[PDB]
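Peer 1: Sharing work_26.cif here; it has mmCIF, C-alpha atoms and all ligand atoms.
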data_start
#
loop_
_atom_site.group_PDB
_atom_site.id
_atom_site.type_symbol
_atom_site.label_atom_id
_atom_site.label_comp_id
_atom_site.auth_asym_id
_atom_site.auth_seq_id
_atom_site.Cartn_x
_atom_site.Cartn_y
_atom_site.Cartn_z
ATOM 1 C CA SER X 599 10.347 7.763 15.463
ATOM 2 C CA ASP X 600 9.415 4.756 17.622
ATOM 3 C CA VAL X 601 5.920 4.815 16.101
ATOM 4 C CA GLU X 602 7.399 2.921 13.128
ATOM 5 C CA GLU X 603 7.912 -0.030 15.475
ATOM 6 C CA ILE X 604 4.182 0.034 16.178
ATOM 7 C CA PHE X 605 3.634 -0.104 12.420
ATOM 8 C CA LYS X 606 6.104 -2.966 11.972
ATOM 9 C CA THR X 607 4.363 -5.212 14.490
ATOM 10 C CA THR X 608 0.847 -4.392 13.248
ATOM 11 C CA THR X 609 1.624 -4.629 9.524
ATOM 12 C CA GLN X 610 2.725 -8.242 10.098
ATOM 13 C CA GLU X 611 -0.592 -9.000 11.808
ATOM 14 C CA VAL X 612 -2.838 -7.468 9.160
ATOM 15 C CA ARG X 613 -0.697 -9.416 6.691
ATOM 16 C CA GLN X 614 -1.977 -12.627 8.261
ATOM 17 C CA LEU X 615 -5.488 -11.192 8.698
ATOM 18 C CA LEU X 616 -6.065 -11.034 4.939
ATOM 19 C CA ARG X 617 -3.915 -14.190 4.495
ATOM 20 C CA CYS X 618 -1.577 -12.096 2.402
ATOM 21 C CA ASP X 619 2.056 -12.608 1.545
ATOM 22 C CA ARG X 620 3.154 -9.026 1.768
ATOM 23 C CA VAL X 621 1.627 -5.714 2.810
ATOM 24 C CA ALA X 622 3.210 -2.450 1.794
ATOM 25 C CA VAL X 623 2.841 1.062 3.099
ATOM 26 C CA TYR X 624 2.914 3.694 0.396
ATOM 27 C CA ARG X 625 3.331 7.299 1.506
ATOM 28 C CA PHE X 626 2.709 10.363 -0.613
ATOM 29 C CA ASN X 627 5.585 12.804 -0.480
ATOM 30 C CA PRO X 628 5.260 16.589 -1.141
ATOM 31 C CA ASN X 629 6.104 15.742 -4.784
ATOM 32 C CA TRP X 630 3.880 12.610 -4.811
ATOM 33 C CA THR X 631 6.920 10.546 -5.825
ATOM 34 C CA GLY X 632 5.668 7.347 -4.245
ATOM 35 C CA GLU X 633 7.837 6.495 -1.255
ATOM 36 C CA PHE X 634 7.547 3.132 0.485
ATOM 37 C CA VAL X 635 8.191 3.594 4.184
ATOM 38 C CA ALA X 636 7.661 -0.030 5.219
ATOM 39 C CA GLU X 637 6.407 -3.410 4.076
ATOM 40 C CA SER X 638 5.749 -6.739 5.724
ATOM 41 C CA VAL X 639 6.712 -9.554 3.404
ATOM 42 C CA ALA X 640 7.390 -13.231 3.971
ATOM 43 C CA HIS X 641 11.072 -14.155 4.267
ATOM 44 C CA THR X 642 10.515 -16.512 1.337
ATOM 45 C CA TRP X 643 10.867 -13.498 -0.981
ATOM 46 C CA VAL X 644 12.967 -10.380 -1.235
ATOM 47 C CA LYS X 645 12.203 -7.796 1.456
ATOM 48 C CA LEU X 646 12.700 -4.963 -1.089
ATOM 49 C CA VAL X 647 12.853 -2.368 1.665
ATOM 50 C CA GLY X 648 16.335 -3.363 2.734
ATOM 51 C CA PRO X 649 19.387 -2.372 0.607
ATOM 52 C CA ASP X 650 18.091 0.948 -0.664
ATOM 53 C CA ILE X 651 15.065 1.070 1.658
ATOM 54 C CA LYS X 652 13.736 4.073 -0.210
ATOM 55 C CA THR X 653 11.638 2.506 -2.873
ATOM 56 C CA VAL X 654 10.238 5.309 -4.963
ATOM 57 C CA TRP X 655 7.449 4.686 -7.458
ATOM 58 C CA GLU X 656 6.973 7.612 -9.756
ATOM 59 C CA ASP X 657 3.535 6.971 -11.102
ATOM 60 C CA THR X 658 2.811 9.864 -13.442
ATOM 61 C CA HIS X 659 -0.759 8.570 -13.635
ATOM 62 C CA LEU X 660 -1.523 9.163 -9.946
ATOM 63 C CA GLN X 661 0.704 12.246 -9.838
ATOM 64 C CA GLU X 662 -1.053 14.162 -12.581
ATOM 65 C CA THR X 663 -4.432 13.160 -11.177
ATOM 66 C CA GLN X 664 -3.392 14.007 -7.579
ATOM 67 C CA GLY X 665 -4.243 10.498 -6.456
ATOM 68 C CA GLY X 666 -7.047 10.075 -8.938
ATOM 69 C CA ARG X 667 -9.952 8.161 -7.439
ATOM 70 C CA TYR X 668 -7.826 7.579 -4.357
ATOM 71 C CA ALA X 669 -7.981 11.306 -3.600
ATOM 72 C CA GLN X 670 -11.703 11.015 -2.876
ATOM 73 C CA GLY X 671 -10.942 8.217 -0.450
ATOM 74 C CA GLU X 672 -12.155 5.499 -2.776
ATOM 75 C CA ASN X 673 -10.696 1.997 -2.488
ATOM 76 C CA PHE X 674 -9.977 -0.367 -5.350
ATOM 77 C CA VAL X 675 -9.811 -4.154 -5.517
ATOM 78 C CA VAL X 676 -7.985 -6.023 -8.244
ATOM 79 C CA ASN X 677 -8.805 -9.742 -8.434
ATOM 80 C CA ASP X 678 -6.431 -10.017 -11.391
ATOM 81 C CA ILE X 679 -4.397 -7.409 -13.212
ATOM 82 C CA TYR X 680 -4.671 -9.116 -16.598
ATOM 83 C CA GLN X 681 -8.341 -10.123 -16.657
ATOM 84 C CA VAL X 682 -9.318 -6.573 -15.647
ATOM 85 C CA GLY X 683 -8.182 -5.382 -19.091
ATOM 86 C CA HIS X 684 -5.548 -2.958 -17.844
ATOM 87 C CA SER X 685 -3.206 -1.007 -20.106
ATOM 88 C CA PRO X 686 0.573 -1.654 -20.645
ATOM 89 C CA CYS X 687 3.106 -0.620 -17.965
ATOM 90 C CA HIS X 688 2.406 -0.753 -14.199
ATOM 91 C CA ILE X 689 1.451 -4.352 -14.772
ATOM 92 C CA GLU X 690 5.012 -5.255 -15.771
ATOM 93 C CA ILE X 691 6.237 -4.023 -12.401
ATOM 94 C CA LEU X 692 3.575 -5.929 -10.444
ATOM 95 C CA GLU X 693 4.268 -9.179 -12.315
ATOM 96 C CA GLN X 694 7.905 -8.769 -11.252
ATOM 97 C CA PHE X 695 6.886 -8.729 -7.568
ATOM 98 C CA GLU X 696 5.322 -12.195 -8.164
ATOM 99 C CA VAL X 697 1.899 -10.657 -7.680
ATOM 100 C CA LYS X 698 -1.155 -10.644 -9.978
ATOM 101 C CA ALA X 699 -3.796 -9.252 -7.611
ATOM 102 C CA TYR X 700 -3.967 -6.712 -4.798
ATOM 103 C CA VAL X 701 -6.136 -4.338 -2.809
ATOM 104 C CA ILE X 702 -5.644 -0.587 -2.374
ATOM 105 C CA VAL X 703 -7.116 1.295 0.579
ATOM 106 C CA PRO X 704 -6.630 5.023 1.408
ATOM 107 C CA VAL X 705 -4.889 5.996 4.651
ATOM 108 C CA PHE X 706 -5.617 9.481 5.937
ATOM 109 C CA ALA X 707 -3.364 10.899 8.624
ATOM 110 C CA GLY X 708 -3.286 14.560 9.422
ATOM 111 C CA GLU X 709 -4.582 17.070 6.906
ATOM 112 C CA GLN X 710 -4.520 15.099 3.626
ATOM 113 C CA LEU X 711 -4.103 11.625 2.228
ATOM 114 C CA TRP X 712 -0.998 10.309 3.922
ATOM 115 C CA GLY X 713 -0.685 7.283 1.757
ATOM 116 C CA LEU X 714 -2.133 4.087 0.465
ATOM 117 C CA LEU X 715 -2.091 0.670 2.043
ATOM 118 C CA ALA X 716 -1.664 -2.243 -0.302
ATOM 119 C CA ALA X 717 -1.667 -5.954 0.303
ATOM 120 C CA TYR X 718 -0.448 -8.561 -2.140
ATOM 121 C CA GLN X 719 -0.532 -12.350 -1.962
ATOM 122 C CA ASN X 720 1.405 -14.765 -4.299
ATOM 123 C CA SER X 721 -0.505 -13.829 -7.446
ATOM 124 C CA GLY X 722 -3.832 -14.442 -5.702
ATOM 125 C CA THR X 723 -6.266 -14.565 -8.609
ATOM 126 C CA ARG X 724 -9.090 -14.652 -6.071
ATOM 127 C CA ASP X 725 -11.870 -12.254 -5.186
ATOM 128 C CA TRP X 726 -11.066 -9.835 -2.404
ATOM 129 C CA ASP X 727 -13.802 -10.350 0.133
ATOM 130 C CA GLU X 728 -15.695 -7.529 1.825
ATOM 131 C CA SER X 729 -14.569 -8.816 5.247
ATOM 132 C CA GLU X 730 -10.930 -8.269 4.217
ATOM 133 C CA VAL X 731 -11.168 -4.991 2.290
ATOM 134 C CA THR X 732 -13.128 -3.149 4.971
ATOM 135 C CA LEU X 733 -10.874 -4.334 7.788
ATOM 136 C CA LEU X 734 -7.696 -3.410 5.911
ATOM 137 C CA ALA X 735 -8.906 0.171 5.447
ATOM 138 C CA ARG X 736 -9.964 0.275 9.087
ATOM 139 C CA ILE X 737 -6.549 -0.770 10.405
ATOM 140 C CA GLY X 738 -4.951 1.564 7.880
ATOM 141 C CA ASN X 739 -6.785 4.573 9.290
ATOM 142 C CA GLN X 740 -6.222 3.233 12.803
ATOM 143 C CA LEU X 741 -2.469 3.271 12.217
ATOM 144 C CA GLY X 742 -2.746 6.803 10.892
ATOM 145 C CA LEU X 743 -4.208 7.846 14.233
ATOM 146 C CA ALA X 744 -1.038 6.641 15.934
ATOM 147 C CA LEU X 745 0.869 8.904 13.564
ATOM 148 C CA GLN X 746 -1.303 11.816 14.647
ATOM 149 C CA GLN X 747 -0.953 10.951 18.332
ATOM 150 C CA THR X 748 2.833 10.790 17.989
ATOM 151 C CA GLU X 749 2.834 14.056 16.016
ATOM 152 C CA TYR X 750 0.698 15.629 18.752
ATOM 153 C CA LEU X 751 3.137 14.457 21.411
ATOM 154 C CA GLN X 752 5.955 15.689 19.165
ATOM 155 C CA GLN X 753 8.539 12.978 19.612
ATOM 156 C CA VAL X 754 11.900 14.647 19.938
HETATM 157 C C1 LIG D 1 4.124 3.378 -17.332
HETATM 158 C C2 LIG D 1 3.054 3.615 -18.422
HETATM 159 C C3 LIG D 1 3.786 4.219 -16.088
HETATM 160 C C4 LIG D 1 2.383 3.846 -15.558
HETATM 161 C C5 LIG D 1 1.186 4.139 -16.194
HETATM 162 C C6 LIG D 1 -0.131 3.774 -15.718
HETATM 163 N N1 LIG D 1 -0.521 3.585 -14.415
HETATM 164 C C7 LIG D 1 -1.856 3.213 -14.349
HETATM 165 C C8 LIG D 1 -2.706 2.919 -13.291
HETATM 166 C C9 LIG D 1 -2.375 2.786 -11.964
HETATM 167 N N2 LIG D 1 -1.051 3.134 -11.260
HETATM 168 C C10 LIG D 1 -1.148 2.785 -9.864
HETATM 169 C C11 LIG D 1 -0.081 2.956 -8.913
HETATM 170 C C12 LIG D 1 0.334 2.041 -7.960
HETATM 171 N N3 LIG D 1 -0.104 0.757 -7.677
HETATM 172 C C13 LIG D 1 0.538 0.120 -6.632
HETATM 173 O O1 LIG D 1 0.315 -1.012 -6.207
HETATM 174 C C14 LIG D 1 1.516 1.085 -6.153
HETATM 175 C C15 LIG D 1 2.361 0.726 -4.999
HETATM 176 C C16 LIG D 1 1.518 0.886 -3.727
HETATM 177 C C17 LIG D 1 1.420 2.212 -6.928
HETATM 178 C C18 LIG D 1 2.214 3.463 -6.839
HETATM 179 C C19 LIG D 1 -2.391 2.325 -9.759
HETATM 180 C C20 LIG D 1 -2.917 1.824 -8.448
HETATM 181 C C21 LIG D 1 -3.102 2.310 -10.840
HETATM 182 C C22 LIG D 1 -4.517 1.810 -10.915
HETATM 183 C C23 LIG D 1 -5.584 2.770 -10.353
HETATM 184 C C24 LIG D 1 -5.668 3.989 -11.252
HETATM 185 O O2 LIG D 1 -5.676 3.813 -12.496
HETATM 186 O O3 LIG D 1 -5.745 5.125 -10.716
HETATM 187 C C25 LIG D 1 -2.326 3.146 -15.740
HETATM 188 C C26 LIG D 1 -3.679 2.701 -16.192
HETATM 189 C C27 LIG D 1 -3.756 1.180 -16.423
HETATM 190 C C28 LIG D 1 -3.508 0.477 -15.094
HETATM 191 O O4 LIG D 1 -4.279 0.726 -14.142
HETATM 192 O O5 LIG D 1 -2.544 -0.322 -15.009
HETATM 193 C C29 LIG D 1 -1.273 3.516 -16.565
HETATM 194 C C30 LIG D 1 -1.306 3.610 -18.055
HETATM 195 N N4 LIG D 1 2.491 3.239 -14.391
HETATM 196 C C31 LIG D 1 3.749 3.163 -13.863
HETATM 197 O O6 LIG D 1 4.012 2.624 -12.786
HETATM 198 C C32 LIG D 1 4.718 3.801 -14.863
HETATM 199 C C33 LIG D 1 5.290 5.078 -14.235
#
Let me see the file written as structure tokens.
Ligand SMILES: *[C@@H](C)[C@H]1/C(=C/c2[nH]c(/C=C3N=C(/C=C4\NC(=O)C(CC)=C4C)C(C)=C\3CCC(=O)O)c(CCC(=O)O)c2C)NC(=O)[C@@H]1C
Peer 2:
Amino acid sequence: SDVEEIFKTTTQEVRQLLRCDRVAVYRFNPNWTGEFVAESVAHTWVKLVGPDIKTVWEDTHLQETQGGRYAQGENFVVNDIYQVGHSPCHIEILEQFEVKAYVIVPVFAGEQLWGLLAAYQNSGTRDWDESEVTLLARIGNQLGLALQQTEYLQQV
């Protein structure tokens, strides 16, 4: 799968586009277990996707709801995870990644929702601007097209 290389080089660019620290690719497996296939993070932090690589995130919330609002292709922007009035758990994990805000856009590739595209930036208690959110989703879907193209070519 050389297409991953294409993702690697682009994920680093979109990372700078939204002035983010790290940008993760979250794929939905047949069991919706939450597999991270790749992430572009500054060398100043832990890469995460290195020792184990397979970073699973079993979010029973999104699993039971089959993606929830994300299933309808709706994006979500969190300017701050605390101020939003969120419930316990999920937040504890995010705080550990040195992040307090993020943006989630849906990436469709193939027949269903392939995965989500999230970008985080050193806490970042700022407002996610329209210019950033809409471009992130655009590139996300754009990358999914490369997945389709490669699947069409059937790289063997
Ligand atoms: C402990 C209680 C378990 C848990 C519960 C829980 N989750 C949510 C809400 C959300 N879960 C996600 C999932 C993700 N966010 C990411 O950045 C990633 C990596 C890409 C994943 C997998 C999301 C986005 C939400 C918010 C959107 C939504 O609600 O659909 C809640 C509600 C309160 C909250 O939003 O924090 C609860 C109670 N979460 C876990 O991770 C534990 C398994």
Peer 1: Which residues would end up in the selection if the PyMOL selection byres (((not hetatm)) within 6 of (chain D and resi 1)) were applied here, given that I need the answer as a ChimeraX atom specification?
Peer 2: /X:624,632,655-660,666,684-685,687-689,716
Peer 1: Under the rule that all atoms listed in the file are counted, which of X:638, X:748, X:710, X:653 is the nearest residue to residue 612 (chain X)?
Peer 2: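 Looking at the shortest contact to residue 612 (chain X), the residue is X:638.
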Peer 1: Of the residues X:726, X:718, X:679, X:669, which is the one nearest to residue 640 (chain X), using all atoms listed in the file?
Peer 2: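 Smallest separation from residue 640 (chain X) among the options: X:718.
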Peer 1: Assuming the chain letters and numbering stay as they are in my file, what does the PyMOL selection byres (((chain X and resi 636) around 10) and not hetatm) actually select? List them as a list in words.
Peer 2: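 This file, filtered by the PyMOL selection byres (((chain X and resi 636) around 10) and not hetatm), leaves residues 602, 605, 606, 609, 621, 622, 623, 624, 625, 633, 634, 635, 637, 638, 639, 645, 646, 647, 648, 651, 652 and 653 of chain X.
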Peer 1: Decode the PyMOL selection byres (((chain X and resi 697) around 8) and not hetatm) for the given file into explicit residues and return them as a ChimeraX atom specification.
Peer 2: /X:692-696,698-700,718-722
Peer 1: Keeping C-alpha atoms, export the residues of the selection given above as a JSON list (two decimals), keeping the file's coordinate frame.
Peer 2:
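Output file result-v6.json is given in full below:
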[["chain", "number", "residue", "atom", "x", "y", "z"],
["X", 692, "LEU", "CA", 3.58, -5.93, -10.44],
["X", 693, "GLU", "CA", 4.27, -9.18, -12.32],
["X", 694, "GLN", "CA", 7.90, -8.77, -11.25],
["X", 695, "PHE", "CA", 6.89, -8.73, -7.57],
["X", 696, "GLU", "CA", 5.32, -12.20, -8.16],
["X", 698, "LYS", "CA", -1.16, -10.64, -9.98],
["X", 699, "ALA", "CA", -3.80, -9.25, -7.61],
["X", 700, "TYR", "CA", -3.97, -6.71, -4.80],
["X", 718, "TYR", "CA", -0.45, -8.56, -2.14],
["X", 719, "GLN", "CA", -0.53, -12.35, -1.96],
["X", 720, "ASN", "CA", 1.40, -14.76, -4.30],
["X", 721, "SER", "CA", -0.50, -13.83, -7.45],
["X", 722, "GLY", "CA", -3.83, -14.44, -5.70]]
Peer 1: Suppose you want the space between CA of residue 744 (chain X) and CA of residue 643 (chain X); what is it in Å?
Peer 2: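 Atom-to-atom, CA of residue 744 (chain X) to CA of residue 643 (chain X), that is 28.9 Å.
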Peer 1: Could you tell me how far CA of residue 670 (chain X) lies from CA of residue 708 (chain X), in Å and to one decimal?
Peer 2: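 Separation of CA of residue 670 (chain X) and CA of residue 708 (chain X): 15.3 Å.
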Peer 1: Between CA of residue 674 (chain X) and CA of residue 701 (chain X), what distance in Å does the model show, to one decimal?
Peer 2: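 Going from CA of residue 674 (chain X) over to CA of residue 701 (chain X), I get 6.1 Å.
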Peer 1: Looking at all atoms listed in the file, which of X:610, X:713, X:672, X:750 is the one that sits closest to residue 628 (chain X)?
Peer 2: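 For residue 628 (chain X), the nearest of the candidates is X:713.
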Peer 1: Which one is closest to residue 711 (chain X): X:654, X:665, X:641, X:629? Count all atoms listed in the file.
Peer 2: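 Counting all atoms listed in the file, the residue closest to residue 711 (chain X) is X:665.
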